[PDB]
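Let me begin by presenting the structure, written as structure tokens, before commenting on it.
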Amino acid sequence: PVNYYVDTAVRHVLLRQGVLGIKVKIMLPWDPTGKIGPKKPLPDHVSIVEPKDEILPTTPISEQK
Amino acid sequence: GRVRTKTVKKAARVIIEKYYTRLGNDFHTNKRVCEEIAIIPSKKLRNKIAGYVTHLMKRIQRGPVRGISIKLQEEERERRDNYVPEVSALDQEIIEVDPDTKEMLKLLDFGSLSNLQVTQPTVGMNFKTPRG
Amino acid sequence: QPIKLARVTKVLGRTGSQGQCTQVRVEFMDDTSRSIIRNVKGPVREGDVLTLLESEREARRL
Amino acid sequence: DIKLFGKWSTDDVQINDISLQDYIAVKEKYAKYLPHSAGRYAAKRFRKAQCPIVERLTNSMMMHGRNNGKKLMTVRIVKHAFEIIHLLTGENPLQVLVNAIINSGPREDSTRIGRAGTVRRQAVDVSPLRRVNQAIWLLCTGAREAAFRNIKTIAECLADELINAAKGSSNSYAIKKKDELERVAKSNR
RNA sequence: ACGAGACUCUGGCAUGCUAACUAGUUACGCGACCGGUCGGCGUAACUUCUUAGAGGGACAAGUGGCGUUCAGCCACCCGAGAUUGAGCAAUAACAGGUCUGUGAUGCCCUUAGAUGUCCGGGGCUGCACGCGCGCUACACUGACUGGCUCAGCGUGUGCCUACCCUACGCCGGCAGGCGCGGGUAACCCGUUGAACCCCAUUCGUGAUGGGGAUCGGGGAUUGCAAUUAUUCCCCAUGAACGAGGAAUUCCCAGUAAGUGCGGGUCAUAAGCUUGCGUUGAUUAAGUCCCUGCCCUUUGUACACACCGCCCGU
Ligand SMILES: [Mg+2]
Ligand SMILES: [Mg+2]
């Protein structure tokens, strides 16, 4: 995931006394289709669909259509 | 080492607590259920979660589990806990009573009780564990 | 003294400077009622037979 | 009808040691035409007890660097010296090998002191598997250094080594080493 | 929450799916030899074999024990597989290495009889000696000589840039040389006819036909030059070495070790390294004994932290 969730850059800065090295790492947010970040979720992230609230039928009802 | 990580265990616990009705003792049906109701980005992780779900289903089959808490299961559990004997264990024809508690009851004004049977007191005053 | 066999009834543990000996419980093939602890040098498992040339020492517990 | 090579039966081989009966595999499920079966007996502990004893000898023959992995040469060296044991003794070579294995395995030997120690040695008993392993190793070593720098070919040194070990003679390197180990264990009792 | 795991690549399974004249296999024709053998020719079937996509498949899932009957561990069945191997890898630190990789660099130094840059010639190898990694051995479980028969990973004609991999024919013991073609590559080398190993032969226990250091005389190749001998070939010569003291290294399965082969380096070139197959084990399923390294409690007068601190003549 480090190859598509974090974007890295390394640069040099020429100053009077010498070179300063700067490293910038950005961890992209999960973006479903829209390019702000990766489309794939993190492999260890498990999302469980919330079950919808059903009502148990008390008596057998037959619906004719 | 086949020790499951917390990812697998928490995922399995949540899946069981949410979809206990759809699950059973079959690994190959449980894994399909998991892949239908959840979003697991890996097949190996899905298989591990389904295996632990099967293990936990077997565990709940013979009692309770400290991690799971199923709302419908608690009603049946307290229904089992609603056992009531035919005759109350506190309803005794004769209950033994020491002379001291008999005197206390007499001072309470309840000295007319009939079920009391005044048993003999102890003889030796040896109720302490020897020191050493 | 004669040479006599003994069947292993349970593996007690590992002993030695480098854990090279298995300390084990053995019951005698003929008597079948007297048992001792001995250290055996090599891979040992349930039910195999050790021939004891000496047969009355006892290995030290633990 | 699964004679080794194509000539040596197994139905008549009697281990008659009780202790090593479960660790010498020669008789019915372990009757094979050749002492070469690839096999995965090193994968799990104790499985090598399911390996036929002739294949264990064959594997132990590939030793001292220049002969590593040359298993066809070693199966040839066993086929010969079985042909030679039969000529010298008149008995089944498998029986001679089994008797040699029984006779050449130490029963006691010494380890470093008991629970702990760094001065002397303490006598202990030998596992049956370690007995068979040590017997094979000693027989192979005796043959190997009998054939070294000598016109006597291998498959002659090994045959005579196995014959002497079956006889219990002290002309055998394996018997000498077994006696030496057993005596040292006796002294450190 | 980071790290571990998960993850990606990779190894094993699929007669199930997708589909192939730059892969094949069956079948059928036509031929060559004695129904059989045809890497002989040709074209239907098709996809087992070959490629490579999608999906499937294993979860300690089943059974029996051990466990707080939990987390898990052991054994067994079924199964292609019941622990394949790598890649990536936290906080924090080292005065670790690199200014000799850079049009990365701050300060110094030098800058025209230059520390810039070409161009000759030396050196980098020089040899009383000490120390590492290694190669070849000390043979018969072997050398020699014929015969037989099996791989895999892959690399091939270049910006500058000269320099590619080679079949086939001929000439020459040989190393080579000369003509002719294919290939920018599942198309040609190539069906990669590897070595060990296998089969037979001669030797016959000794420095021997083991072993090949050293050295002489010839012959070629690449290069602008081969001497201090680039490399290769031939014929001669034929040293130590008979298994190695104290002391040490690396290793748990297609593994160690034998054995060749490719890539890099490369005008010329592997005793190196990085990969690949091939033959294929002994032993172990454990422990803190040695060596480390972690903790935990404990002591400190240390905190630049024991390479500390500190006392007296
Ligand atoms: Mg230690
Ligand atoms: Mg201080």
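Basis for what follows: all heavy atoms, side chains included, without hydrogens, waters or symmetry-related copies. Sequence lines set the chain letters: A, B, ... in the order given, protein chains first and strands last, and positions in each chain run from 1.
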*Could you run through nucleotides 54-80 of chain E and give me one letter per nucleotide, 5' to 3': B if any protein heavy atom sits under 4.0 Å from the base, S if only the sugar-phosphate is that close, - if neither?*
--SBSBBSSS------SSSS-S-----
*Protein proximity profile, nucleotides 84-90 of chain E - base contact B, sugar-phosphate-only contact S, no contact -, cut-off 4.0 Å on heavy atoms*: -------
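Between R7(C) and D48(C) there is no salt bridge, since none of the side-chain N atoms of the basic residue sits less than 4.0 Å from a carboxylate O of the acidic one. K79(D) and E83(D) are not joined by a salt bridge, as no carboxylate oxygen comes within less than 4.0 angstrom of a charged side-chain nitrogen.
Taking atom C1' in both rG292(E) and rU287(E), the straight-line distance is 15 Å, to the nearest Å.
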Please set out all donor-acceptor pairs under 3.5 angstrom arising from side-chain atoms of residues 3-21 of chain B, sequence neighbours excluded.
from, atom 1, to, atom 2, distance (Å)
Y19(B), OH, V49(A), O, 2.4
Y20(B), OH, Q73(B), NE2, 3.1

Return all side-chain donor-acceptor pairs below 3.5 angstrom for residues 50-68 of chain B, not counting sequence neighbours, or 'none' if the list is empty.
from, atom 1, to, atom 2, distance (Å)
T54(B), OG1, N30(B), ND2, 3.2
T54(B), OG1, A50(B), O, 2.8
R62(B), NE, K58(B), O, 3.0

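Residue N67(D) contributes atom CG, which lies 9 Å from atom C1' of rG258(E) at whole-angstrom precision.
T118(D) meets the side-chain hydrogen bond (donor to acceptor under 3.5 Å, both in side chains) test with no other residue; sequence neighbours excluded.
Contact annotation: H36(D) side-chain N/O to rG280(E) OP1/OP2 distance is under 4.0 Å. Listed pair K70(D) / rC197(E) meets the phosphate criterion, a side-chain N or O lying under 4.0 Å from OP1 or OP2. For the pair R66(D) and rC140(E), the criterion of a side-chain N or O lying under 4.0 Å from OP1 or OP2 is met. The phosphate of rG280(E) (OP1 or OP2) has no side-chain N or O of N68(D) nearer than 4.0 angstrom. Distances shorter than 4.0 Å separate none of the side-chain N or O atoms of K152(D) from OP1 or OP2 on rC140(E).
Between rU248(E) and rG87(E), the two key atom distances do not both fall under 3.5 Å in a Watson-Crick or G-U wobble layout, so no such pair is counted. Nucleotide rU50(E) is annotated as paired to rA20(E) [Watson-Crick or G-U wobble, both distances under 3.5 Å]. For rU102(E) with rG260(E), the Watson-Crick or G-U wobble criterion does not hold with each of the two distances under 3.5 Å.
A positive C1'-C2'-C3'-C4' dihedral is found for the sugar of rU37(E), placing it in the north range.
Counting only N and O atoms by type, the side chains of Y41(D) and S37(D) include a donor and acceptor under 3.5 Å apart. There is a side-chain donor-acceptor pair under 3.5 Å between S172(D) and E161(D).
Base pairing of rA23(E): its partner is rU47(E), meeting the Watson-Crick or G-U wobble criterion (both donor-acceptor distances under 3.5 Å). Here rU231(E) sits opposite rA220(E) as a Watson-Crick or G-U wobble pair (both hydrogen-bonding atom distances under 3.5 Å).
The aromatic rings of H86(D) and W8(D) lie tilted to each other, with the angle between the two planes from 30° to 60°.
Near-neighbour residues of RNA chain E inside residues 4-16 of chain A, defined by a heavy atom below 4.0 Å, number-ordered: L14(A), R16(A).
Taking every side-chain heavy atom of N59(D) into account, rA281(E) is the closest of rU141(E), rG242(E), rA281(E). With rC198(E), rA4(E), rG280(E) as the candidates, the nucleotide lying closest to the side chain of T5(B) is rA4(E).
Results of the side chain to side chain contact (heavy atoms under 4.5 Å, CB included) test with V26(C) over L5(C), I37(C), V40(C), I36(C) single out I36(C) as the only residue that passes.
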